[PDB]
Amino acid sequence: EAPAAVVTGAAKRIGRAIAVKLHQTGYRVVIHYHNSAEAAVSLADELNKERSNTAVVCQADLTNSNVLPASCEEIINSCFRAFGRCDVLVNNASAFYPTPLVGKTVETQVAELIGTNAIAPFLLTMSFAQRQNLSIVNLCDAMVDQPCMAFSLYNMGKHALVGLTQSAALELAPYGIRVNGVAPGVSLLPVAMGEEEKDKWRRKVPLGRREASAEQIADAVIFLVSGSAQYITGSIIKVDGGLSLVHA
Amino acid sequence: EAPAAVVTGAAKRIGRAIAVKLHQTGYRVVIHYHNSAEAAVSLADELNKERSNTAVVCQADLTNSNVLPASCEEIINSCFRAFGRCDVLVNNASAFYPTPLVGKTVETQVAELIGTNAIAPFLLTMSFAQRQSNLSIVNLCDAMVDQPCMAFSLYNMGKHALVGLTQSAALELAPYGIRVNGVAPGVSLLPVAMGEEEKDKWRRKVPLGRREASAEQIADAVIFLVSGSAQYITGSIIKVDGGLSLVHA
Amino acid sequence: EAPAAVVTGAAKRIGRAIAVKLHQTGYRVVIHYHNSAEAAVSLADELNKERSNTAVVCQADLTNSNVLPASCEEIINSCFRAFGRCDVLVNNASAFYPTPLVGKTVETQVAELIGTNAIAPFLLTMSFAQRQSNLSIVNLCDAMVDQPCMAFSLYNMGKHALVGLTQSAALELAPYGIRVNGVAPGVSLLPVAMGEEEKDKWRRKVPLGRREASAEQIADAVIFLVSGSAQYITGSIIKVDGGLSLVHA
Amino acid sequence: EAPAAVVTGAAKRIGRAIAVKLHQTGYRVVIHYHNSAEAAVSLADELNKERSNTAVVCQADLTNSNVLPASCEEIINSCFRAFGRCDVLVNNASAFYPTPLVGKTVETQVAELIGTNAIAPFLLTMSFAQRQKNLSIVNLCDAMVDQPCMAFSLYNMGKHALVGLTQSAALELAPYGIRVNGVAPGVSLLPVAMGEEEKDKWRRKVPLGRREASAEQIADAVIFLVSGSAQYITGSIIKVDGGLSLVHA
Ligand SMILES: NC(=O)c1ccc[n+]([C@@H]2O[C@H](COP(=O)([O-])OP(=O)(O)OC[C@H]3O[C@@H](n4cnc5c(N)ncnc54)[C@H](OP(=O)(O)O)[C@@H]3O)[C@@H](O)[C@H]2O)c1
Ligand SMILES: NC(=O)c1ccc[n+]([C@@H]2O[C@H](COP(=O)([O-])OP(=O)(O)OC[C@H]3O[C@@H](n4cnc5c(N)ncnc54)[C@H](OP(=O)(O)O)[C@@H]3O)[C@@H](O)[C@H]2O)c1
Ligand SMILES: NC(=O)c1ccc[n+]([C@@H]2O[C@H](COP(=O)([O-])OP(=O)(O)OC[C@H]3O[C@@H](n4cnc5c(N)ncnc54)[C@H](OP(=O)(O)O)[C@@H]3O)[C@@H](O)[C@H]2O)c1
Ligand SMILES: NC(=O)c1ccc[n+]([C@@H]2O[C@H](COP(=O)([O-])OP(=O)(O)OC[C@H]3O[C@@H](n4cnc5c(N)ncnc54)[C@H](OP(=O)(O)O)[C@@H]3O)[C@@H](O)[C@H]2O)c1
Ligand SMILES: COc1ccc(-c2[nH]c3nc(N)[nH]c(=O)c3c2C#N)cc1
Ligand SMILES: COc1ccc(-c2[nH]c3nc(N)[nH]c(=O)c3c2C#N)cc1
Ligand SMILES: COc1ccc(-c2[nH]c3nc(N)[nH]c(=O)c3c2C#N)cc1
Ligand SMILES: COc1ccc(-c2[nH]c3nc(N)[nH]c(=O)c3c2C#N)cc1
């Protein structure tokens, strides 16, 4: 029987490349999405064309609220309903925007940034464990200790996620569930970003003066879920071309 | 004129010793508390007996919610209302209890553990900076954040987020002359509801003296970070753990 | 043409497992050894028996001394002499024994513990880079470097230095397309001098399976780092420790 | 009786300020020096003018060699000879220069850079602890250890080794009541050799004030750690970097 994976925010960019590479490895995939219905569906049809009945989609908002635990439970439940098992959880979905200290209310920013980056991964982890080569892979950030100016909530969420990865690895090890992170430095830059600002970041990267492809990020996820990683838990693998090593 | 400090969860235990030492150093103090009303008032009484009009209490629930921004604004506002200034913020208040992955709802556990340990400190930092000498913030972190207690994921998540806040806020507020630092206990005053057997188990693990830090030892490190002897320290987290975090399994 | 790799201390245990797996991946291999001549020649025989002219041995002491740079240069030269290229360097060889602060002279212990774990890796890295596609270096580190064993200060100093080299060399050799990474075991193959009981005590502290890593499990992570699947990875140290580093005292 | 302290490389710059501040706090001091005889004696004169027979100088090369262990044993002995006790050791002396991977032989650079930054502090630590069975050791580390200067592999290896020594020694010496901590400057007094324009490039990177730390700001952190206010603190490394290490490329 083919194993199954849930990948959150899988419609586009890194999460898409993760879903694709997992599918190519032989995984059936639950493609979670929030706003990107058309892209999520186009991905599912592409993958089902490859092998029928191997891809489904799951819509949920991952903002923190009093319904988020039920939403996260439902996303895990969807994988079991589609595929009768859930072997891999990838916490990829992420809100990302500045929140300076000095039109969204602040409580909404907290809900979105802490919810997507930290609380939803925690609830999903809970649901995943309660329902049981099992592992969870969290998309972290190589630059968590050298954060972007005015990104306190985002950075707090990514720091929290490190704590989740470590705490869950310890707690779930007896159940044989491994929990690891992949930490991009600069990968796919925002779509709006002018090439000239993209280049300011690219130039900082020691290995090649370029950003990671989504596929390069996905390669590290693939390693962490594979049988080549079966003693690996609580580890966060930077995929950053040495960017985090560069002083000011 | 005397500087003023806000200390959250300052009615008992470590927050209280921090409040007292700040007061002995010359600070007027806002004693924030949540449930410990009697203890809060008793401390203000004590401190005001020593120097009149140098201590006030301020009640707030620091659980995460849509009104938490208002509560945090009001804590900082109460420092200005009492003392005309706010020089020091100490983020001490914290919920601490297990939340295993396998009688409160999970929603409530998220709100309390993430609210008190991370979100309220962020909002307090925001309100503090916006109302702005030697200005600084001290966050009560955890020396064991990368070697966490089993089944404490939400607690450990909040303390990890707090590290991120300390670093992010240090960077962003440095242009305003506001320093932001941490003090990270290993084992200090042990939980009231911890059994004496577990207490002694923790004590035996500490290389330096086989005992927990007194509240006053933790407070001493807070005092250093807010002092003139720390004017170039920002984004630093000082472990006060007697070497506990260095001890392998 | 098949790529070529140098593995230090490759005669036995983890070094052998990396050498074997690299060879199974299609590398030709320089099996470096110090005292274990028979085991190193036995491995080379086995590997050549699988594919003719794909393995050679190379004897060298990696203790620090004024000729260590010539020795390390010679190890790289040996790979080029045998195979006409050198694609991968794995720094595995390591002295490991206690050096309490309170029959070897202390200067010999420094030379052996710092030489094998840090200086030789640095000299080999220099020689490797100077002689230069998927070029990389992998350094066998220690997951427990921040939670060290009692009385192993020089060994721990050496492994910490190795972390700095990993990061320093990743930064400086990135323009040359040489990636530099580490793999950090927790407990893998226990020391042969360790009795089963002391072995079991270590085994029992591992959250993931309560067992040590097989030599193969360590080799799997080396194989990933040198692969095309890790082409953007440099300066990273991958723990392969079953959660051991996360477990508090 | 007044306590006594050893400060290595104490003739100038940061080591000088540490020595002055320790003396002002009431310590008698051993001023160690290698080349700076004139300056070491000048500081001695100034301190002894303040309180008679409270400062002595001590000459040693701290480069790694066969005689280094004897040299370090003698630095510690000089403190006992002068003052009948040795309460504090500050490992400040340091060689600092590039050693690109791709003048001095490389083994001489290993000897100086790893010797001064790591091996000498290890040997001094041994000699300090042995003569015992508020004692502490403070090591001068580097806030930028994980974001090193380009082409400074050996230096960076030495400072990483020093972090390892700090933690290993804290663990091993805790049962003796000897605390072991570090202070990690970012940019303080810029190297005299450094060009003026490059000095200003570094200053402008510092979030807190866009300036370097004075030597006295570094010393302030040393003073805290050796004080009774840091009595539960061991294995801690306090950054004094004005946020510098927080700033991304
Ligand atoms: N790209 C980089 O340079 C970089 C660098 C460091 C770390 N990372 C991390 O790597 C991961 C992938 O990065 P990325 O650039 O591919 O991410 P991204 O495009 O910025 O976001 C990924 C997806 O997250 C989902 N999302 C946002 N808000 C949500 C909400 N409220 N509820 C549910 N889903 C929500 C979105 O789904 P919909 O489109 O369906 O609405 C989005 O497509 C992220 O975790 C990120 O933090 C990336
Ligand atoms: N004690 C240790 O060994 C240790 C170890 C590591 C880290 N720390 C950290 O050091 C700090 C002080 O430790 P501690 O043991 O003194 O803390 P504590 O007694 O467990 O908590 C301090 C105060 O936090 C307040 N608090 C809890 N929930 C709150 C809420 N929902 N809203 C507002 N306030 C709330 C409580 O105030 P009221 O009583 O008024 O209700 C409580 O007295 C904490 O941040 C802790 O995480 C302590
Ligand atoms: N075993 C574990 O649980 C564990 C845990 C953490 C890290 N590690 C790291 O992983 C790596 C492999 O571990 P291991 O247990 O397989 O190592 P090991 O058996 O203790 O040592 C591997 C080889 O190092 C070589 N070596 C020792 N001194 C040397 C010298 N002066 N000059 C040249 N070579 C010398 C020896 O070669 P000869 O036999 O030919 O003389 C030895 O076979 C090491 O770097 C180790 O520090 C292992
Ligand atoms: N200044 C900074 O921005 C900065 C930044 C990060 C870390 N640090 C650390 O803080 C400490 C003080 O820095 P600094 O700039 O004051 O240091 P420094 O001037 O570069 O060196 C201090 C002293 O070290 C002694 N020294 C050098 N080589 C020696 C050897 N082979 N044997 C014995 N002594 C030797 C010298 O003594 P003699 O003059 O008597 O020959 C020198 O005056 C150092 O450990 C340094 O790495 C400083
Ligand atoms: C301080 O360095 C960085 C650089 C990029 C990022 C980064 N994080 C992101 N998270 C999401 N969800 N989407 C993104 O595009 C990014 C991103 C970038 N670029 C974070 C820290
Ligand atoms: C894994 O080691 C520890 C030990 C103690 C603690 C700890 N955190 C606390 N937070 C609050 N608010 N109150 C406490 O008593 C503690 C506590 C302890 N003990 C955390 C991690
Ligand atoms: C604190 O946990 C550990 C456990 C094992 C080791 C360890 N390091 C070694 N290095 C060499 N060269 N050979 C070994 O066998 C080990 C070893 C073990 N076990 C170090 C720290
Ligand atoms: C990457 O940022 C830095 C900044 C300063 C230093 C630094 N290290 C030193 N060591 C000695 N012995 N003397 C020095 O002046 C410095 C120094 C500087 N500046 C190192 C790394």
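Residues numbered from 1 in each chain as written, not as in the entry; some residues may be left out. Chains lettered and ligands numbered in written order. Heavy atoms only, no water.

Determination of this PDB entry was carried out by X-ray crystallography to a resolution of 2.00 Å, according to the record.

With the PDB entry as reference, chain D is termed Pteridine reductase 1, source organism Trypanosoma brucei. Per the header of the deposited record, the title is "Crystal structure of pteridine reductase 1 (PTR1) from Trypanosoma brucei in ternary complex with cofactor (NADP+) and inhibitor 2-amino-6-(4-methoxyphenyl)-4-oxo-4,7-dihydro-3H-pyrrolo[2,3-d]pyrimidine-5-carbonitrile (DX8)".

As annotated in the PDB entry, chain B is Pteridine reductase 1 from Trypanosoma brucei. On record in UniProt, under Sequence similarities (unreviewed entry), the comment for chain B is "Belongs to the short-chain dehydrogenases/reductases (SDR) family." (UniProt positions renumbered as here; feature names shortened; annotations may be inferred.)

1. Comments concerning the packing of aromatic side chains
Scanning the entire structure with this criterion turns up 14 aromatic pairs over all chains. Relative to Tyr154(A), the ring of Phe96(A) lies with its centre 4.8 Å away and its plane at 75 degrees, an arrangement referred to as edge-to-face. Judged by relative accessible area, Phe96(A) falls into the partly exposed class, the value being 42%. The class for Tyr154(A) is buried, based on a relative accessible area of 11%. Ring pairing ties together the aromatic residues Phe96(A), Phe151(A) and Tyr154(A), which thus form one cluster. Across the ring face of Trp201(A), the terminal group of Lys204(A) is positioned such that the distance to the ring centre comes to 5.3 Å. In this structure, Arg131(D) packs its charged tip against the face of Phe80(D), placed 4.2 Å from the ring centre. (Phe/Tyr/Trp six-rings, centres within 6.5 Å; stacked < 30°, edge-to-face > 60°. Buried < 20%, exposed > 50% of the residue type's maximum accessible area, 1.4 Å probe, protein only. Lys NZ or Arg CZ within 6 Å of the ring centre and 35° of its normal.)

2. Some details on the sheet that holds strand β5 (residues 134-139) of chain A
All names here are of chain A. The seven strands are arranged β3-β2-β1-β4-β5-β6-β7 in an open sheet whose pairing can be described as parallel. In this open sheet, the two strands that pair with only one neighbour each are β3 (55-59) and β7 (236-239). Averaged over all neighbouring strand pairs, the angle between strand axes comes to 20 degrees, with direction disregarded. Both strand β6 (residues 177-184) and β7 contribute to a ladder of four bridges, which runs parallel. If you follow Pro 184 over to β7, its bridge partner there is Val 239. (Pairing = 2+ DSSP bridges. Helix = DSSP H or I, 4+ residues; strand = E, 2+ residues; numbered from the N terminus. Axes fitted to C-alpha atoms, helices over the stretch in contact; angles between N-to-C directions.)

3. With respect to the pattern of salt bridges
It is possible for side chains of opposite charge to pair when their charged atoms get near one another. All names here are of chain B. With the rule as written, the count across this model stands at 42 salt bridges over all chains. With a shortest N-O distance of 2.8 Å, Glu 112 and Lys 104 are connected by a salt bridge. For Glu 112, a relative accessible area of 17% translates into the label buried. Here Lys 104 falls in the partly exposed class, since its relative accessible area comes to 43%. (Salt bridge = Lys/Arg side-chain N within 4 Å of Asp/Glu carboxyl O.)

4. Things to note about the interface of chain C and chain A
Each partner contributes to the interface: chain C provides 34 residues, whereas chain A provides 34 residues. Of all residues in chain C, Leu208(C), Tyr232(C) and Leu246(C) give up the largest surface area on contact with chain A, accounting jointly for 30% of the area buried on that side. Connecting chain C to chain A are zero salt bridges. At the junction of chain C with chain A, the criterion picks out eleven residue pairs in polar contact. Among the secondary structure elements, those contributing two or more residues to the side of chain C that touches chain A are α5 (153-173), α7 (215-226) and β7 (237-240) of chain C. Considering each element in turn, the side of chain C that touches chain A owes the most residues, four residues, to α7(C). A per-class count over the side of chain C that touches chain A returns 17 nonpolar, eleven polar and six charged. (Contact = heavy atoms within 4.5 Å. Buried area = accessible area lost by both parts, 1.4 Å probe. Polar contact = N/O pair within 3.5 Å; in protein donor to acceptor, adjacent residues only side chain to side chain. Nonpolar A, V, L, I, M, F, W, Y, C, P; charged D, E, K, R; others polar.)

5. Considerations on empty space enclosed by the protein
Estimates place the volume of the second largest cavity at around 40 Å³. Taken together, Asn64(A), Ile114(A), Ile119(A), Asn64(B), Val110(B), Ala111(B), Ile114(B), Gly115(B) and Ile119(B) make up the lining of the second largest cavity. Sort the elements by how many residues they give to the lining of the second largest cavity and helix α4 (residues 106-130) of chain B lands first, with five residues. Looking at the lining of the second largest cavity residue by residue, the classes come out as six nonpolar, three polar and no charged. (1 Å grid on protein atoms, 1.4 Å probe; cavity = no way out; pocket = protein on both sides within 12 Å on 5 of 7 lines; lining within 4 Å. Points joined across faces, edges and corners; volume = space filled by probe spheres on them.)

6. Some thoughts on the interface of chain C and chain D
Each partner contributes to the interface: chain C provides 43 residues, whereas chain D provides 42 residues. Note on chain C versus chain D: buried area summed over both sides is about 3600 Å², and carbon and sulfur give 70% of it. When residues of chain C are sorted by the area they lose upon contact with chain D, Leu101(C), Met157(C) and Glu172(C) head the list and together hold 22% of the total. Linking chain C with chain D are zero salt bridges. Counting the contacts that link chain C with chain D gives seven residue pairs in polar contact. If you list the elements that add at least two residues to the side of chain C that touches chain D, you get α3 (68-83), α4 (106-130) and α5 of chain C. For the side of chain C that touches chain D, the class distribution of residues is 28 nonpolar, twelve polar and three charged.

7. Quick word on the site of ligand 5
Residues and elements named next belong to chain A. In the vicinity of ligand 5, the residues found are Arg 13, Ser 94, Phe 96, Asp 141, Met 143, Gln 146, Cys 148, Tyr 154, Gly 185, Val 186, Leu 189 and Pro 190. Here a nitrogen atom of ligand 5 sits 2.9 Å away from a polar atom, N or O, in the side chain of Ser 94. Residue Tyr 154 places a side-chain N or O atom 2.7 Å away from a nitrogen atom belonging to ligand 5. The protein chains hide 84% of the 450 Å² of surface that ligand 5 would expose on its own. When grouped by side-chain class, the residues that make up the shell around ligand 5 number seven nonpolar, three polar and two charged. (Near = heavy atom within 4 Å. Areas by Shrake-Rupley, 256 points an atom, 1.4 Å probe, with all protein chains shown as cover.)

8. Remarks on helix α6 (residues 195-202) of chain A
All names here are of chain A. Taken together, the buried positions of α6 are occupied by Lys 198, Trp 201 and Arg 202. Along α6, the residues classed as buried sweep out an arc of 100 degrees about the axis, all on the same side. In this structure, α6 carries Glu 196 and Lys 200 as exposed residues pointing more than 90 degrees from its buried face. (Arc of directions from axis to C-beta.)

9. Overview of the UniProt feature "active site" (unreviewed entry) in chain D
Residues and elements named next belong to chain D. UniProt's feature table lists "active site" (unreviewed entry) at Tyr 155, given in the numbering used throughout. Within the fold, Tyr 155 resides in helix α5 (residues 153-173). Owing to a relative accessible area of 11%, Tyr 155 belongs among the buried residues under this scheme. Excluding residues within four positions of it along the chain, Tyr 155 makes contact with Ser 94, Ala 95, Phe 96, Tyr 97, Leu 113, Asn 117 and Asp 142. At 2.8 Å, the side chain of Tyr 155 and the side chain of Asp 142 are in polar contact.

10. Notes on the sheet that holds strand β3 (residues 55-59) of chain C
Residue and element names in this part refer to chain C. If you trace the seven strands from one edge of the open sheet to the other, you get β3-β2-β1-β4-β5-β6-β7, paired in parallel fashion. Each of the sheet's edge strands pairs with one partner strand only, and the pair in question is β3 and β7. The sheet shows a mean angle of 20 degrees between the axes of neighbouring strands, taken without regard to direction. Pairing geometry for strand β2 (residues 28-33) and β3, over five bridges, is parallel. Counterpart to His 32 in the pairing with β3 is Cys 58. Contacts from α7 reach β4 (88-91), β5 (136-140), β6 (179-185) and β7 within the one sheet, and its direction differs from that of β6 by about 165 degrees.

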